[PDB]
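**Q** Below is one structure. I have some questions about it.
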Amino acid sequence: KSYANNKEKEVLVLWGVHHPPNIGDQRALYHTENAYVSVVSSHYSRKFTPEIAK
Amino acid sequence: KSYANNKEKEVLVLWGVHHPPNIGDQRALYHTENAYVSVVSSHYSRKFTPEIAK
Amino acid sequence: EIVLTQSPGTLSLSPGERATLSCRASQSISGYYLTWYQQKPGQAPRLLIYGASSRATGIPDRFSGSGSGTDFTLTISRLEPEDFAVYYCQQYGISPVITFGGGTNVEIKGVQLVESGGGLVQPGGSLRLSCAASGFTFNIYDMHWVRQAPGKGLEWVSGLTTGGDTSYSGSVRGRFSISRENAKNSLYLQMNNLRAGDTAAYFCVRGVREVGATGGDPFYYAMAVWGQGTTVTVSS
Amino acid sequence: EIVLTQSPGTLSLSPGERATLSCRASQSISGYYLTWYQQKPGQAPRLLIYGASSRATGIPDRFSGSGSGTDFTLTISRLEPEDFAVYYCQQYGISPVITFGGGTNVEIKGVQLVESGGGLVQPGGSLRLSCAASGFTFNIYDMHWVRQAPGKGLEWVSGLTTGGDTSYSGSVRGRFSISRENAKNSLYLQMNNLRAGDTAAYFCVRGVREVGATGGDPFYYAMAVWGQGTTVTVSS
């Protein structure tokens, strides 16, 4: 999914990257042990690939 | 591939990391969905593992 | 949420036998969406199966199911006289409404909650029930109050998530009112305008781990655990 | 670039038949390096197969090939009278020189470009052709001018990448000269010192996506698309 500005003012955006404390959540909710997110812009961009950390 | 200085002067070096906008390029050109580059020095070193981002 | 239909509401079969039971709905409804129970008359219900395949804790291997979409199914590998029981079919609506099959009797041929206040009122009257918790964190789980007439199909009276989204039936709503207390580790159900449709045995029920907490509890989209229930009646 | 040799330049076969055709070269030449065409006499060519295995767009499944190194091959699963046609074998030299097989007639027993200026001159004379584009971005692709004598093997007259690396044949070079215009969406071929070897039908051809652009165009190392061509002649 995506968005770009139409308002012509500047924008401030927030998001999160889930780290369960156990795997049974991870398989139950999302059904992949693989994590891969890619939050992308022109200037900034970054990916996220976590595991469970107790 | 590699290089080290023989000129005894300081050196300035540039390179790039390809992000296609579609996969058919990626398979056609390079024939791996996997990206892994490793640009390495003594002090600096870094790897690069991108995907397609539209 | 959708009307279900069990298949069959009672059956009579011999030992050393399978038993196929099909709970199917109006619409096609996606499959980690149901769970499956038993109950002995006099005992509270017990949890067996969830999501049309997968199996609960403290178990043999014999009860096993299948099916998808509109037609969900639980089957049985072996029948035994210790299984002499009514089995149920309980589904979490996307409209957050549990819906119930009408119970299925197997006849074989030859931690806890605690309820509070069950009993009599006058019809058109007013009465409250409470429940209370023991040995867990009543914080987390989405709770449900449930009813049952004797040897009848269940009905789901009400439930509430821990962030306040209520769900009732359109008939029962307004006449009942709930309220929850996690610091108390207890629950309340104030009730008014009571007629013979309420003449039934009720149950307090702990359901669903909401998203996040420490624990050695996983979650399903099944119940967690029941209570022993209690009788409530109008008369004169 | 290398001389090719098709096998056979004509054949006569019945319906409901395969057809094996082998285009092989001097050297061994690596396999995503060829593409394969048809043409009906009167029609422009059409694209079928590339890289000795893989298949173009808007297709049945019947034409299918194999081979590697020196000997490339296209085979056919079924023959039909709608296939009555000459098939070609066109390869991108590492010396950036397209080379051509001599056409292979199947006989069955019982968006666009536009050319400009084809016609007559005197031998030893001088004349220009143009081509012009429609409904794409003439920016991107590596272009090729091509020739064909009637019912003869083709010859590749010239082509140019979009960064200026020209390629001609050693015979044809100097007598022809090209120039490209992407802002115009058009192409030019000024030509001088013209003899009967030029008495032939020519074609303007859009080839290869260079590296990088937005689009729902992939690339091969085949052609993209042809034009309808036009006749050119010397006489007196």
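**Q** Mind sorting D:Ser167, D:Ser158, D:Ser28 by how few other Cβ atoms lie within 10 Å of their own Cβ, fewest first?
**A** D:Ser28, D:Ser167, D:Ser158
**Q** OK, next. With each run of n ≥ 4 DSSP H residues scored as -39500 (n - 2.57), what mean residue ellipticity at 222 nm is computed for the protein assembly as shown after dividing by its residue count and rounding to the nearest 500 deg cm²/dmol?
**A** On the way: 2 runs with 14 residues, N = 580.
Rounded to the nearest 500, the figure is -500 deg cm²/dmol.
**Q** Okay, moving on. Mind listing the long-range amide H neighbours of D:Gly125? Cut-off is under 5 Å, sequence gap 5 or more, other chains count too, H placed in the peptide plane at 1.01 Å from N.
**A** Long-range HN contacts for D:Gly125: D:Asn193, D:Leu194.
**Q** OK, next. Rank these for me by crowding, C:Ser134, C:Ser177, going from fewest to most other beta carbons within 10 Å.
**A** Final ranking by Cβ density, sparse to dense: C:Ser134, C:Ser177.
**Q** To continue, here is another question. So what's Rg/Rh here for segment D:1-155, counting alpha carbon atoms and using the Kirkwood radius for Rh?
**A** Details: Rg = 17.0 Å, Rh = 17.1 Å.
With Rg and the Kirkwood Rh in hand, the quotient comes to 0.99.
**Q** If you count, for each residue, the other Cβ atoms within 10 Å and average over each peptide, how do D:203-214, C:53-64 line up from highest to lowest?
**A** Packing order, densest peptide first, comes out as D:203-214, C:53-64.
**Q** So, one more: Evaluate segment C:103-161: find the radius of gyration of its Cα atoms, find its Kirkwood radius, and give the ratio Rg to Rh.
**A** Working: Rg = 15.9 Å, Rh = 14.9 Å.
Using only Cα positions, Rg/Rh for segment C:103-161 is 1.07.
**Q** So which residue of A has the beta-carbon closest to the axis that swings A onto B, and how many whole Å away?
**A** Minimum Cβ distance to the axis, with residue: A:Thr49, 6.
**Q** I've got another one for you. Relative contact order of chain B: what whole-number percent is it, with Cα pairs under 8 angstrom and at least 6 residues apart?
**A** 34 percent.
**Q** Which parts of segment B:29-54 would a label at D:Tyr32 reach, counting a residue when its backbone N lies under 20 Å from a point 7 Å out along Cα-to-Cβ?
**A** Correct set: B:29-37, B:50-53.
**Q** Just to check I understand the Karplus step: with θ = phi - 60° and J = 6.51 cos²θ - 1.76 cosθ + 1.60, what whole-Hz values come out for segment D:222-228, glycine and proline as x?
**A** Once θ is set to phi - 60°, the couplings for segment D:222-228 become 10, 5, 7, 8, 9, x, 6 Hz.
**Q** Moving to a separate point now. Name the chain C residue nearest the rotation axis between C and D, going by Cβ position, and give the distance in whole Å.
**A** C:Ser53, 24
**Q** Over all residues in B:33-44, what is the mean tally of Cβ atoms on other chains that come within 10 Å of each residue's Cβ?
**A** Counting other chains' Cβ atoms within 10 Å and averaging over B:33-44 gives 0.
**Q** Which distances, shortest first and in nm, link D:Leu11 to the matching position in the other copies, using label points set 7 Å out along Cα to C-beta?
**A** 6.4
**Q** Something else now. In terms of modelled amide H atoms, which long-range or inter-chain residues lie less than 5 Å from the amide H of C:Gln228?
**A** Those qualifying (amide H under 5 Å, at least 5 residues apart or on another chain) are C:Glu115.
**Q** Another question about this same structure. Treating the point 7 Å from Cα along Cα-beta-carbon as the label, what are the nm separations from D:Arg175 to the other copies, to one decimal?
**A** 10.3
**Q** Could you give the distance between the Cα centres of segment D:183-200 and segment D:73-114, to the whole Å?
**A** Segment D:183-200 and segment D:73-114 have Cα centres spaced 25 Å from each other.
**Q** OK, next. Using a simple spin-label model with points 7 Å from Cα along the Cα→Cβ vector, what separation in nm is obtained for B:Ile23 and C:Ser169?
**A** Taking the simple label geometry, B:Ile23 and C:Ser169 are separated by 4.9 nm.
**Q** Taking the alpha-carbon distance from B:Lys9 and a cut-off under 26 Å, which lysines remain once sequence neighbours fewer than 8 residues away in the same chain are dropped?
**A** Counting by Cα, and skipping residues close in sequence, B:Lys9 has these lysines nearby: B:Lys1.
**Q** Can you list, shortest first and in nm, the gaps between the label point of D:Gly58 and those of its counterparts in the other copies, using a point 7 Å from Cα in the C-beta direction?
**A** 6.9
**Q** Once you average over the residues of C:210-223, how many Cβ atoms of partner chains fall within 10 Å of each Cβ?
**A** Average per residue, whole number: 2.
**Q** Moving to a separate point now. Nearest-5 percent of antiparallel DSSP beta bridges in the protein assembly as shown?
**A** Antiparallel bridges make up about 90 percent of those DSSP assigns within the protein assembly as shown.
**Q** While we're looking at this one, here's another question. Rg and Dmax in Å for the protein assembly as shown, alpha carbons only: what are they?
**A** 39.0, 125
**Q** So, one more: Modelling each spin label as a point 7 Å along the Cα-to-Cβ direction, I'd like the A:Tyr36/D:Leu11 distance in nm, to one decimal.
**A** Going by the 7 Å Cα→Cβ label model, 4.4 nm.
**Q** Another question, if that's okay. Inside 10 Å of the C-beta atoms of B:23-29, what's the mean count of C-beta atoms belonging to other chains?
**A** Numbers: counts 1, 4, 5, 0, 1, 6, 2.
Other-chain Cβ atoms within 10 Å of each residue's Cβ, averaged: 3.
**Q** Would you mind counting up the charge near C:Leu79? Only other residues with Cβ under 9 Å from its Cβ, with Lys and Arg at +1 and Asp and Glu at -1.
**A** So the surrounding residues net to 0.
Laboratory data are not the source of any read-out in this text; all were calculated from the coordinates shown. Quick reminder, even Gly has a Cβ in these numbers, built from the backbone with ideal geometry, and neighbours come from all protein chains shown.
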